[PDB]
Amino acid sequence: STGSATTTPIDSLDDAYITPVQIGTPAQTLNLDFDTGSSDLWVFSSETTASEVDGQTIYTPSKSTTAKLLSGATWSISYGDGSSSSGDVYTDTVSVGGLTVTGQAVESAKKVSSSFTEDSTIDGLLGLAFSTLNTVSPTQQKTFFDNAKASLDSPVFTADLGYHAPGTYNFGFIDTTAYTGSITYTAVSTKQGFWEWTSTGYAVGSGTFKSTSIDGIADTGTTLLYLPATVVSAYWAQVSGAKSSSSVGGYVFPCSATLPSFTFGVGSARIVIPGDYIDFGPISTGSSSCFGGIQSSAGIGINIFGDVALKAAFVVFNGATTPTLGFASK
Ligand code: NA
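Take the sequence shown: its letters are residues 1 to 330, numbered as in the deposited numbering.
This is the structure:
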């Protein structure tokens, strides 16, 4: 089997991407944030505290003929941005892009933090990191990908995120029309439960490539590119008037600037992030200070290849017995 679903930016900045997901019978379609940095599929629901719901579409298990309470199971998750959610668990039929899993754990939120409530466009998350990170207790649950894997034509999914445009998540196949040149594969460590890999270095603009190992994660659920302070300082030093602002919470730059590209290494291959991808616009409405898309990972404890980096590539998440990542230009 295969599945193919379009993923759409939630706003004009590509802050996140939403993908429609069918849950239950008859189908209830929710728009979920596919997150390769977490392992819970959780939804706004008929159980969510009413004051914490503001415009989201909810899953109502009582209206699904295939929903069953997973008795005694609870979940609670905290993300890198400080957001959180928790609740109880149902099993139900879940379909993505025509690919169906029966018996998927659908984590029903009873509580969500303010950042979720305030984002009316995101009806929940679909985690695509390794199932070792799933938070359901006392019986850990599998991701949608892990439950689909054995049925797929190939044990893979691909992320093809757009810049200010829709893109695609495919399950079970490589679309050889979706990228240019060849795919370069690189080793993955699953020790922390993430798609963790080592970049071979970077370049700023037209500068020379610096060969240096940068361990990080491929995380579709993180907006920005978070790299070591040395690398980030080297990038922003090429932008006149850029500075790190403790008041704003990272590097800002004059909105009048033209940003340089950023290149990262994948083995001997190179992925180029255009300068435009690194502009996250005014820090507040009407400001002439703009927020940077490359930020320091110091204090986060891991480097994160978030959407800024991933949307410059066609990315293969290879869930074979030995997992690997692949990157191609596009
Ligand atoms: Na922000």
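By construction, the Cβ of each residue, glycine as well, lies at the ideal position given by its N, Cα and C atoms.
Taking C-beta separations shorter than 7 Å and ignoring five residues to either side along the sequence, the partners of residue 70 in its chain run 89, 90, 91 and 105, following chain order. For residue 180, same chain residues with a beta-carbon under 8 Å away, outside a window of 5 residues either side, are 328, 329 and 330 in chain order.
Partner residues in the beta bridge of residue 225, as assigned by DSSP, are 294 and 305. Annotated as proximal: residue 169 and residue 34, with beta-carbon spacing under 8 Å.
Cα atoms of residue 28 and residue 73: separation of roughly 22 Å, rounded to the nearest angstrom.
Residue 46 and residue 125 have their C-alpha atoms some 16 Å from each other. The segment 52-59 and the segment 132-149 do not touch, with fewer than three beta-carbon pairs separated by less than 8 Å. Taking a C-beta distance under 8 Å as the contact criterion, residue 66 and residue 25 qualify as a contact pair. At a cut-off of 7 Å, the beta-carbon of residue 116 does not count as near ligand 1: no heavy atom of the ligand is closer than that. Apart from the 5 residues on each side of it in sequence, residue 319 sits with its Cβ closer than 8 Å to the Cβ of 145, 146, 149, 155, 156 and 157 in its chain, given in chain order. For residue 147, the enclosing alpha helix (DSSP H) has its first and last residue at 144-148.
With a cutoff of 8 Å on beta-carbon distance, residue 315 and residue 174 are scored as not near each other. Counting only unbroken stretches of 3 or more residues, the beta strand (DSSP E) elements lying wholly within the segment 115-198 are 124-127, 156-160, 167-171 and 184-187, in sequence order. Take the alpha-carbon of residue 64 and the one of residue 303: they are about 40 Å apart.
Annotation: residue 220 is outside any beta strand (DSSP E) and is labelled neither H nor E by DSSP. Taking the Cβ of residue 291 as the reference point, at least one heavy atom of ligand 1 falls within a distance shorter than 7 Å.
Of the residues 204, 218 and 86, the one whose Cα lies closest to the Cα of residue 237 is 204. Counting along the chain, residue 98 sits inside no beta strand (DSSP E), nor does DSSP assign it H or E at all. Beyond the five residues adjoining it in sequence on each side, residue 84 comes within less than 6 Å, by CB distance, of 78 and 113 in the same chain, given in chain order. Excluding residues up to 5 positions away in sequence, 229 and 232 lie with their Cβ nearer than 6 Å to the Cβ of residue 296 in the same chain. Each residue's CA atom was taken as its position, placing residue 309 and residue 271 some 8 Å apart. Between residue 2 and residue 172 the beta-carbon gap is near 4 Å, inside 8 Å, which marks them as a contact. With a 10 Å radius around the Cβ and a threshold of 16 neighbouring Cβ atoms, residue 81 comes out exposed. Taking the Cα positions, residue 283 is about 13 Å away from residue 242.
In this structure, the straight-line span from the alpha carbon of residue 259 to that of residue 68 is close to 52 Å.
In the displayed model, residue 79 falls within coil according to three-state DSSP, outside both helix and strand. Its Cα nearest to that of residue 163, the residue 278 stands out among 278, 38, 103 and 198. Each residue's CA atom was taken as its position, placing residue 138 and residue 48 some 21 Å apart.
The three-state secondary structure of residue 310, taken from DSSP, is helix.
Between residue 200 and residue 301, the C-beta gap is not smaller than 8 Å, which leaves the two residues out of contact. DSSP, reduced to helix, strand and coil, places residue 249 outside both helices and strands of the structure shown, so it counts as coil.
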